[PDB]
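# Coordinate inspection notes
As a plain string of letters, each chain reads:
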Amino acid sequence: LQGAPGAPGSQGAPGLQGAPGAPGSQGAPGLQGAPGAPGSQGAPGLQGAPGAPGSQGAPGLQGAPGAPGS
Amino acid sequence: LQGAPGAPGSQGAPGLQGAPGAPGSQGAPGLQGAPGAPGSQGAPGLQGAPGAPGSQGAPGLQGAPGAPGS
Amino acid sequence: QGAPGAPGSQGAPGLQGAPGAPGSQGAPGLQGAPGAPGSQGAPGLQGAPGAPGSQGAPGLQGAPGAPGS
Amino acid sequence: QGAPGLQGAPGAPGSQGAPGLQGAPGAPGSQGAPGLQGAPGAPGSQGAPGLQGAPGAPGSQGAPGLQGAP
Amino acid sequence: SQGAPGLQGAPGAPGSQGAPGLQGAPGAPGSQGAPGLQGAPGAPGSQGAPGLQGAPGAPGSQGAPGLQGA
Amino acid sequence: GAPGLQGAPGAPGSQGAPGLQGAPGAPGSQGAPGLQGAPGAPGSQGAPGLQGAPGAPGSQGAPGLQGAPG
Amino acid sequence: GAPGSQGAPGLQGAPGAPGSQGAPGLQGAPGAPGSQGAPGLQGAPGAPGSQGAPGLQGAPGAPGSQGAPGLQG
Amino acid sequence: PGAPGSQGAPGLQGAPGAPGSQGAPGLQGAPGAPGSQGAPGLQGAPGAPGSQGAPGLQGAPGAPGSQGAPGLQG
Amino acid sequence: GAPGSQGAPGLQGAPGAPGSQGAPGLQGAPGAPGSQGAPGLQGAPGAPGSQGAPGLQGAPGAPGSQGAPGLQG
Amino acid sequence: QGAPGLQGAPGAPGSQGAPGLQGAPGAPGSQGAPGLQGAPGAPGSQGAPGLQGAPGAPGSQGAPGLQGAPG
Amino acid sequence: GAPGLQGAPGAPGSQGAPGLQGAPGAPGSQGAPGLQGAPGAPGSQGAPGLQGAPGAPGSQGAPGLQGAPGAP
Amino acid sequence: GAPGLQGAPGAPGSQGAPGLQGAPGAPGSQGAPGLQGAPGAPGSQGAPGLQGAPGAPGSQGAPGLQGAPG
Amino acid sequence: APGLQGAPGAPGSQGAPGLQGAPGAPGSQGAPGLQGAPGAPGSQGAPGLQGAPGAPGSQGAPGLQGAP
Amino acid sequence: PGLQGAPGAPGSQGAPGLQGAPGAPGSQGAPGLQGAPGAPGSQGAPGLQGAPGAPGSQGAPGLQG
Amino acid sequence: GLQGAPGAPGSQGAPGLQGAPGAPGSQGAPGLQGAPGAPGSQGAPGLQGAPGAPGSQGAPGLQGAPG
């Protein structure tokens, strides 16, 4: 008999994986930001009182001047 | 009679390289994960008396005693 | 009788099918640094200099000249 | 009478599996919508400086007269 | 007449054997979030009041306008 | 001598065997927030402070009358 | 006689049909929608009222209002 | 002569029933995703404009010079 | 005896039929950047200016007052 | 007769596989939000009362003690 | 007669891969930062203090015009 | 002399359109785009903290004289 | 009588090669340094002394008589 | 009788005959590197009052006359 | 027992693809947007307020009261 005919063998589909790997996305929530951190200002911050004067009870006052007359 | 009585049979084919792609990865990404906030607003309040209430020295008076005569 | 050889692609043609897991890329990580102004306030002008002055100074005109005899 | 050992056909050295995708899942942060600053504060218009009359020195300035001769 | 066959090749499996590979599906598309945002008032400390002269007056208390008596 | 070649049980096989499907899908998220937070109450109003009224006390001694020794 | 009868058939195989519908993805980037608003430029009227100097000046009330200036006698 | 036993009746030969769609027939649904827009910043200015004028004109400054009112002069 | 029996013209390939070849999964359509909108009302839009501008530190010439009522003669 | 005929009806096609794959459109540039506003300050000339021009009585020159010409 | 038979011949060529439309390689986007806005100088507006706060009155408090009898 | 033509046409592995045919050509730009519009922050200008010049004549002369220079 | 048939392995099947597989494909660039846009917004260089706030003068004797 | 048709062994002529280049960007990264802007030369206000002293009239009246 | 072998290609791997044709693709950088040379502002001094004159005011000279 002629047993030569054997046809293709158990061909290899599952053999070998092309190139595995997750997609490229990995990261972290960014990096250095900038100043912030709200706070306060301090309300009354304009000219205070240029020489805020004081109690002026009486100016130059001629107190009962004496007039020598004997 | 005869002519191919051998047995070349079936030869198991090799496995094709799978689909190749660029490996990657994923995580907890983003941006501004370090919001610095050195602004830290703390501006001071007033830097002096409220209105700098004057009328303070109060040196007012006639002057020397009022000693008249004649 | 007859000469039938091993027919078909017997000799392990091979690499017919790709059993892979192709990736796309590696890792486009964090992107943006910025995102905060910085507005630390400043101490405004002095509240007020409390009570400078006091012009109350009298003239001291306390009966100049000897009082009349 | 025996002779023709009809060559068995190698089908495939594969396996009856299903697409196995979840190779190593789990690299999340569930996004970041709470982005480290949310902290709504609703601040504004603190204590009003109801600055008012600072009484310096009320007065009348009584009237000197000439009709006190005894 | 009749013989005996055999010589069956690799019958690995008529399947699709799927083995997961590496890092994939967790809970990425979750959106999430709570501190959405804030912002609007920024109201400076309530406008308290401008000041006023609390108790003005008229100084004096000497008089004696050309007085020769009392 | 050599009978009809009986038959080859087709070795059950179809290959495939994905084997590795790394990075199944959406492998983790992070960073999808809103605006901001942590606002502070702006400093109080900058209105004029208590105006210390004039240091003009009640003048009462000014009335001296007098006028003549008798 | 006759050439015997049928020797060896085949039946390919039962239709797998559209290959097993694989694993779809999830929302592409299902981020929290809507432009996140920020504080208004000048939201709260902390002090948009009188922003000048609507005051007065000291002519009246305590003006040059002395008593008797004096004269002969 | 008889019947040695032939080979016929080929039920199926190369018309593959099993292959239905192959090539990953249909990519399973791609869920449309939402997302925020260009999140607005400063919008809304019903506040102090930023023009605090000045200390309202001092109502009671400027002692108006008086007539003196010294007194009689004999 | 044994009339010539065909041993091949009958069949032409017997089985075959790959099967079901897993369909793929479309990944969700992307979204958009950020969290929700709503500019909000609890920030710090810093109203500058103040009602210290009103001022109005009195009205009359309060400083002077004077009025010491001398005589004239 | 040594052998009969045969007919090898063509066999080869019908195996539409798949070489490497596209991956489809990854994602578009996600414009964020702009940084944040610049430094602080109440826009304007932060003026402040300098000082008086009227030392006490402005230009009154009262001459306290001015002669009343009491002839 | 004489024998004879053949196998493998007859194949029409396996259906080749049409491939993929366009180019593969799913790209990946990223998050744009933003611009820090125009700045400002901490301070305020104002000024009017020209007569900020009166000082000592010239050479005397206020109009005196006092005199006293000195002539006949 | 009757031969038998080919009976087992050698079938190699066919190929086809790989899976997702969509050329990625990813949406938009595939990156962190340009920074958004810098929000112009306000800010004060030069603080005129010194007016001190009202044209006021604040001044006096000198005690005139004893009176009626004779 | 019959001989045999043509058995050309794959005349014309191939011979044309396929473009080089897997080029690292050089010649790229991105995120060129930082795009900081350095320009000092307002002449970063410290400015000079701002307009000097002139102090008031000072004057001695306008005239003294004392003893004539 | 007697022939082999056209037997010369199975010449494949090869196989990978269309294209192999996936392509790639190359040497990522460009110079750029500006450094971010500066700021406005912050005029630190003027000074003030170099010598206000006593603008007036120190007549210094004499005596005994 | 005759045989005539007209012939056939025999065996080949001619195409064999190749490796790395050379930049069949490229990444153009976003360039250097802005203007390099990172500056930073600085504070100006203040002109010493124009000195009017150090203390010279006083009491104008009138007389010395010979009496």
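Residues numbered from 1 in each chain as written, not as in the entry; some residues may be left out. Chains lettered and ligands numbered in written order. Heavy atoms only, no water.

- For this deposition, the record names cryo-EM as the technique by which the model was determined and cites 8.6 Å as its resolution.

### Quick notes on the overall build of chain M
- The secondary structure content of chain M amounts to 0 helices and 2 strands.
- What you see for chain M is a C-alpha radius of gyration of 48 Å, clearly larger than the 11 Å of a compact globule of 68 residues, by over 25%.
- Dimensions along the principal axes, computed over C-alpha positions, put chain M at roughly 170 × 10 × 10 Å.
- With 68 residues in all, chain M has 26% of them scored as buried.
- Only carbon and sulfur atoms are counted for the fraction: they give 61% of the accessible area of chain M, which is about 3,200 Å². (Helix = DSSP H or I, 4+ residues; strand = E, 2+ residues; numbered from the N terminus. Rg over C-alpha atoms; globule rule 2.2 N^0.38 Å. Buried < 20%, exposed > 50% of the residue type's maximum accessible area, 1.4 Å probe, protein only. Areas by Shrake-Rupley, 256 points an atom, 1.4 Å probe, with all protein chains shown as cover.)

### Let's talk about the overall build of chain H
- The number of helices and strands found in chain H is 0 helices and 0 strands.
- Relative to a compact globule of 74 residues, whose C-alpha radius of gyration would be 11 Å, chain H shows 53 Å and is clearly more extended.
- By its C-alpha atoms, chain H is 185 × 10 × 10 Å across when sized along the principal axes.
- By the burial criterion, 41% of the 74 residues in chain H qualify as buried.
- As displayed, chain H has an accessible area near 2,700 Å², and 59% of this comes from carbon and sulfur atoms.

### A word on the interface of chain G and chain H
- On the chain H side, the residues contacting the 68 residues of chain G number 69 residues.
- In this assembly, chain G packs against chain H so that about 4,800 Å² is buried in total across both faces, 53% of it on carbon and sulfur atoms.
- Counting across the chain G and chain H interface gives 0 salt bridges.
- Taken together, the connections running from chain G to chain H amount to 59 residue pairs in polar contact.
- Counted by class, the side of chain G that touches chain H contains 32 nonpolar, 36 polar and no charged residues. (Contact = heavy atoms within 4.5 Å. Buried area = accessible area lost by both parts, 1.4 Å probe. Salt bridge = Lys/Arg side-chain N within 4 Å of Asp/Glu carboxyl O. Polar contact = N/O pair within 3.5 Å; in protein donor to acceptor, adjacent residues only side chain to side chain. Nonpolar A, V, L, I, M, F, W, Y, C, P; charged D, E, K, R; others polar.)

### Considerations on the environment of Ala8(I)
- By relative accessible area, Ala8(I) is classed as buried at 18%.
- Between the C-alpha atoms of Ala8(I) and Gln66(I), which are 58 residues apart in sequence, the distance is 140 Å.
- Setting aside chain neighbours within four positions, we find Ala8(I) in contact with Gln7(H), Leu6(J) and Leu5(K).

### Points about the interface of chain O and chain N
- Counting from both sides, the interface comprises 60 residues of chain O and, opposite them, 61 residues of chain N.
- With both chains or domains summed, chain O and chain N bury close to 4,200 Å², and 56% of this area falls on carbon and sulfur atoms.
- Between the two partners, chain O and chain N, sit 0 salt bridges.
- Counting the contacts that link chain O with chain N gives 41 residue pairs in polar contact.

### Remarks on the arrangement of the chains
- At their nearest point, the C-alpha atoms of chain B and chain H are still 11 Å apart, with no contact between the two.
- There is no contact between chain E and chain K; across them, the least C-alpha separation is 9 Å.

### Some details on the sheet that holds strand β1 (residues 51-52) of chain F
- Ordered by their spatial adjacency, 3 strands build an open sheet running β1(E)-β1(D)-β1(F), and the pairing between neighbours is parallel. The open sheet has two edge strands, β1 (52-53) of chain E together with β1 of chain F, and neither has a second partner.
- Across 2 bridges, strand β1 (residues 53-54) of chain D lies against β1(E) in parallel orientation. Note on β1(E): the bridge partner recorded for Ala54(D) is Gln53(E). (Pairing = 2+ DSSP bridges.)

### Regarding the side chain of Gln7(H)
- Since its relative accessible area comes to 6%, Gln7(H) is described here as buried.
- Within the structure, the side chain of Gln7(H) is placed 2.5 Å from the backbone nitrogen of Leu11(I), a separation counted as a polar contact.
- Every residue in contact with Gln7(H), bar those within four places of it in the chain, is listed here: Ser5(G), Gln6(G), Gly7(G), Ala8(G), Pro9(G), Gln6(I), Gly7(I), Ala8(I), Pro9(I), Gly10(I) and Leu11(I).

### Side note on the environment of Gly17(N)
- With respect to the helices and strands, the residue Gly17(N) is situated in the segment after β1 (5-7).
- We classify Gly17(N) as buried; its relative accessible area is 11%.
- Taking the C-alpha atoms as reference points, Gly17(N) and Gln28(N), separated by 11 residues in sequence, lie 30 Å from one another.
- The residues touching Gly17(N), leaving out its near neighbours within four places in the chain, are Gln14(M), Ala16(M), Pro17(M), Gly18(M) and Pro15(O).

### Focus: unusual backbone geometry
- The phi dihedral of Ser31(E) is positive, around 65 degrees, even though this residue is not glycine.
- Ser31(E) gets classed as buried once you look at its relative accessible area, which sits at 19%.
- You will see that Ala17(I), though not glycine, has its phi angle at about 60 degrees, which is positive.
- For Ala17(I), a relative accessible area of 7% corresponds to the buried category.

### Let's talk about the side chain of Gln23(E)
- Of note, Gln23(E) is situated in the segment before β1.
- Within polar-contact distance, the side chain of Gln23(E) engages the backbone oxygen of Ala24(D) at 3.3 Å.
- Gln23(E) has contacts with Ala22(A), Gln26(B), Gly23(D), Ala24(D), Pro25(D), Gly26(D), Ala27(D), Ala23(F), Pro24(F) and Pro27(F), leaving out every residue within four places of it along the chain.

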